[PDB]
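All remarks here apply to the structure that follows.
Readers should treat all values here as calculations from the given coordinates under stated rules, not as data from a laboratory. Methodologically, a virtual Cβ is constructed for each residue, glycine included, from the backbone with ideal geometry; neighbour enumeration extends over all protein chains shown.
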Amino acid sequence: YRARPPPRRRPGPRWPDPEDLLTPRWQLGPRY
Amino acid sequence: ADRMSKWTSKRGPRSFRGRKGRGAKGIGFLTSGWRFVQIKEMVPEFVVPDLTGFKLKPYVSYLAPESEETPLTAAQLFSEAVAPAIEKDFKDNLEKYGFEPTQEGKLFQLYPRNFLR
Amino acid sequence: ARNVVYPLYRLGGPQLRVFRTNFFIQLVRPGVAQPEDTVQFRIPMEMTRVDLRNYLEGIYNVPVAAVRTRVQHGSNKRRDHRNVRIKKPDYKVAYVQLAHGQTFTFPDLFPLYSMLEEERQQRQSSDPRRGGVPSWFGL
Amino acid sequence: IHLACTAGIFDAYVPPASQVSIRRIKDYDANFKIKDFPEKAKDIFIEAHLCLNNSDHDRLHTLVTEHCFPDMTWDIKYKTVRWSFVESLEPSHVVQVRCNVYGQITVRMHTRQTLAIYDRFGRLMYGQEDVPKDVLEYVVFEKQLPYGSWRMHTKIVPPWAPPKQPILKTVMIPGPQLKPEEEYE
Amino acid sequence: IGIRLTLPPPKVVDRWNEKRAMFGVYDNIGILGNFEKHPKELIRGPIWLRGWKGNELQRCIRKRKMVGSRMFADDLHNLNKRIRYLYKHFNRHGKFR
Amino acid sequence: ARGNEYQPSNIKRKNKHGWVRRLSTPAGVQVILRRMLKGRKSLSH
Amino acid sequence: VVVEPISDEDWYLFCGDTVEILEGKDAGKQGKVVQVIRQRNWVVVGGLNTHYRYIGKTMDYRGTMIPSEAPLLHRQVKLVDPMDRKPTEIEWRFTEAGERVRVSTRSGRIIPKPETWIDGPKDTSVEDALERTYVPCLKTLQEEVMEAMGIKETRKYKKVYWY
Amino acid sequence: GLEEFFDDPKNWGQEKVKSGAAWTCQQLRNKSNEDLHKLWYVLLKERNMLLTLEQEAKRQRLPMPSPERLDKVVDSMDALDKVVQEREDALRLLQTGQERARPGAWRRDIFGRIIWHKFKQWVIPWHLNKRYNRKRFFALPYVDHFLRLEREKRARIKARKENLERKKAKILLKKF
RNA sequence: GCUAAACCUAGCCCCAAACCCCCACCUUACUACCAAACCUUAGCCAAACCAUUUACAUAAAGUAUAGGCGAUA
């Protein structure tokens, strides 16, 4: 029983595409 | 009080019982003095064939070859009907092949549907 | 036809025609004896005296003299185990008096278990002389 | 319903030249000798009747036929049966051989046996407990002509044999009874 | 009568299943993983209490202000009613005050 | 002995609680909408 | 009632197959399947798995007894090789003869799949139920029957306001 | 005359009649149109005979001789409609494009539901009818709330069934 | 000894994830066919009455601030 691969931070910058209406407002301005 | 039961001609006071017919169709109108006038043009006069010499019968023989369902898709009908005609005539306007730009003229319109069944 | 929308009529139109009829007619032995000229039909509830007269005259070639129709109320007091009223359909019964003095009467239609029979006839039922003993033992 | 049996008997031999039946029967199995039938017949008879004392319900199902199980079991139900075979004088033997299509054989036995059947309260009602009485019997075995077991189909009573044993119980037989108007005339 | 007469079928518990043979693997992803992660962000479940504990009132306030704009109407009315009641109770009822 | 409070009449049925009395004012459409929410089978007489 | 999910593709047994049982009553005996009931997975086998039942049972009357064939589950019973004489698992292996056919696992053997009348007074002859009397027509049924039977009509259909 | 309402007398009370094969949709598609009409009325005569026979048998309490015949012809009858209707469809498009013969539109009933209003035939134009314009075809705002509720209700139902579905499967995989 | 006891899937609760769904029917609904929608939320409940007043991610912080400077906000 090889345990599941260990959790990690997603390896790279998070660029949420601006189309979907769910992308929270704070994750779209210049501060982020 | 009988809320659930279907509401039909047999329930209300005399006015209701008179008014609400059933699925039976009308054939004419009500002229003054409660007289009825029936029109020969609203009676669905049947058409029937002459069954003389008819070789087809209600049941097909079990021995007949088994088949497969291929519904008459529009392009299939157009092919079978026109494709030889267009092929032959194109070597020398569309009303000459069967098209009908409008339908108001002929008695058996397709859309809206006028002929019954 | 039934369950179809009909072309409407305006003064001078063409004659309404049904080239492939939908109606289905059955006929029944009357419950109380009828005149010898009367035939009793059940016809669908979306049908009229004129329709039935033309229907018979056109399809069957039976000359009709008069038609009178009556709509029977099916009973709605017969409750399922849930206590739900269950209503069997209303129907329409048409009395059709034929013409030319003809006569009519509904004719009288309708004018693995061998083992059980054979084993019952040879069952060798209790012989009361035996008084209850198993007979079979030849000993 | 694939009955293991043969309804009735095609030709039940009358109690006091059949090689075509042998050819039509032994072919369907191709391994059998009629002279191997006497020993098997006596063995199946004695073991089945012993099982009748046992009341091993499944074993009786396997040994006897459908037309033979229930009639025996119902009577034997709720009453002990102390059957017992003892030394025999006459070897049994085939009487004949008979051929959808299931075959029949018959066997003649002359045995020495004992019965003792007791009421459900333990009281004797038939037979004597230990008297070894001689018996003569005609028994038909049916053969399901795949893996047809050679079961005991039935026993047949001959009309020229002495009647049954007496019964230790007293019995009435009400015959002509009265009616509310019809007199005993 | 408050007792049964037949023993239930004996449940088979596989003590060496998958989800029992790993209960706690990566439950120390921080102290020996360079502190990249936190065990908070290993626990699946509701979005409003991934790593948070409070009493019923605080829990329902969090449910409201964090997912109370995607939740069906009748549920939302029940929730607002629940906040009103738990406010009244926690703030005006009890032995200690 | 009492209990004669209700002498039935269909005119009053269909002209006090009918489908074309609920749909005559908005509150009636509130009633019919409530009743087809709750899943009833008698939405209005 | 638990019946494991086995689809038609995953299922192998059919009505009329040579079937030998693995467990239960009458172990290791061969027979035929009169019916396969996929909805509840009943496998009736001739004379095998039989249980004897009383028919005609009243409070006193006993009637007869018959060996009703108790149906069998598909895992309890496998097919029979007509040559090797061994129940082998039916692993669906594609073959040139047939893409879907029962192929044995122990040996490369393909097991086949088990599965009259006369015209009456009111039945059509076959050669008259296939005549290609249809010529491709753009006219509907109504126009064609009216032209064929000579029905006449010239009054025009007046305009109507659909809505 | 009326004798066509009962089959040939030799079949009376027979308890079994050789029934042929119900027509098949393709087997009719192979046929012409006039023959199609004639065969339709033939089947009408048969269906009348069989329905009368069923009613009489039910009246006597004697068993229906061979009921399957009725079912067969009904299927044939249904098939026949399809065939001619197919040609109807295969003409509508090929001369008007419309996918439905009876004209209609999409509207919002007074309760907000999206409903397909099939049109009725009238002989005065719609704008001065008095019973048509009493029939609301718009949604006032107070309806909107209930729409939400309805949707939510449906969502719940969906969820439950979907949820329950997998549980069954899960329990099955815990047996094998 | 009767009456009774006794059971275990039908299904359901909370989450995640995913955006969701032929004919007749506003006239007396389920009946083929004729001259008008927008306007604060209310007061129970706390203040031991009641009259101003009184809730609809994390930390800053129950801090600035309001308040019969009070309950509370």
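Observations on the structure shown:
- Gap separating the Cα centres of segment H:127-156 and segment D:6-47, nearest whole Å: 88
- When the Cα atoms of segment G:74-163 are aligned to their principal axes, the ranges along those axes come out at 82, 47, 28 Å in descending order.
- Positive-end extreme of charge dipole, segment B:49-89 - chosen from B:54, B:79, B:65 (charges on Cβ): B:54
- For chain H, built as a Gaussian network whose Cα springs stay under 10 Å, the top-fluctuating residue of H:57, H:139, H:155: H:155
- Modelled spin-label separation between residue G:94 and residue G:23, with each label point placed 7 Å from Cα along the Cα-to-Cβ direction: 3.4 nm.
- Sequence-distant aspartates and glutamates (8 or more away, or on other chains) whose Cα lies within less than 17 Å of residue G:25: D:56, D:58, G:69
- Rounded FRET efficiency, nearest 0.05, which uses the C-beta distance separating residue G:158 from residue B:97 and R0 of 30 Å: 0.50
- Label-point gap, in nm, between residue D:50 and residue G:2 - each point 7 angstrom along Cα→Cβ: 4.3
- Tensor-based shape of chain E (alpha-carbon gyration tensor, a/c under 1.5 rounded, otherwise prolate or oblate): oblate
- Inter-centroid distance (Cα atoms) of segment G:48-112 relative to segment C:38-82, Å: 55
- When chain H is treated as a Gaussian network with alpha carbon springs shorter than 10 Å, the biggest mean-square fluctuation among H:94, H:43, H:140 belongs to H:140.
- The listed peptides B:26-39, G:81-94, ordered by packing as a protection proxy, come out as G:81-94, B:26-39 (highest mean of other Cβ atoms within 10 Å first).
- Förster radius 41 Å - calculated FRET efficiency between residue B:70 and residue C:76, Cβ distance, rounded to 0.05: 0.30
- Among C:76, C:21, C:109 the positive-end extreme of the charge dipole of chain C (Cβ point charges): C:76
- Per-residue mean of C-beta atoms belonging to partner chains within 10 Å, peptide H:82-88: 5
- When peptides G:30-36, E:49-55 are ranked by their average number of other Cβ atoms within 10 Å per residue, the highest-first order is G:30-36, E:49-55.
- Distance-filtered residues of segment D:125-143 - backbone nitrogen under 19 Å, label point 7 angstrom along residue D:110 Cα→Cβ: D:132-140
- Chain C: C-alpha gyration tensor shape, a/c 1.5 cut-off, then a/b vs b/c: prolate
- Given B:20/H:118; B:40/H:120; G:113/H:167, the pairs whose alpha carbons are separated by over 29 Å: G:113/H:167
- Prolate/oblate/rounded label for segment G:1-115 (Cα gyration tensor, a/c 1.5): prolate
- For residues of F:25-37, the mean tally of beta carbons on other chains within 10 Å: 3
- Here residue C:88 is the anchor, and the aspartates and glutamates within straight C-alpha reach of less than 14 Å, apart from those fewer than 8 places off in the same chain, are C:80.
- Number of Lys-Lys pairs in chain D with C-alpha atoms under 21 Å apart and a separation of 8 or more places or on different chains: 22.
- Where Cα atoms sit under 19 Å apart: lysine pairs in segment H:1-67 separated by 8 or more or lying on different chains: 4
- Here r is the Cβ-Cβ distance between residue D:43 and residue D:124 and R0 is 30 Å; the resulting FRET efficiency, rounded to 0.05, is 0.55.
- Size of charge dipole - chain E - debye, nearest 20, with Cβ of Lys, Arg +1 and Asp, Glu -1, no other charges: 700
- Dipole magnitude of chain B, debye to nearest 20 (Cβ charges: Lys/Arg +1, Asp/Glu -1, about Cα centre): 1740
- Electrostatic dipole magnitude of the protein assembly as shown [Cβ: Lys, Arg +1; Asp, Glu -1; Cα centre; debye, to 20]: 10040
- Counting only residues at least eight positions apart within a chain, or on another chain, the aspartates and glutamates with an alpha carbon under 15 Å from that of residue E:65 are E:56, E:75.
- Ranked by the mean number of other Cβ atoms within 10 Å of their residues, highest first, the peptides C:67-76, H:77-86, G:54-63, C:94-103 fall in the order H:77-86, C:94-103, C:67-76, G:54-63.
- Residue by residue along B:24-30, Cβ atoms of other protein chains within 10 Å of the local Cβ number 4 on average.
- Relative to the longest principal axis of the Cα atoms of chain H, the long axis of helix H:68-96 makes an angle of roughly 50 degrees.
- Relative contact order of chain H, pairs being alpha-carbon contacts under 8 Å that are 6 or more residues apart, as %: 17
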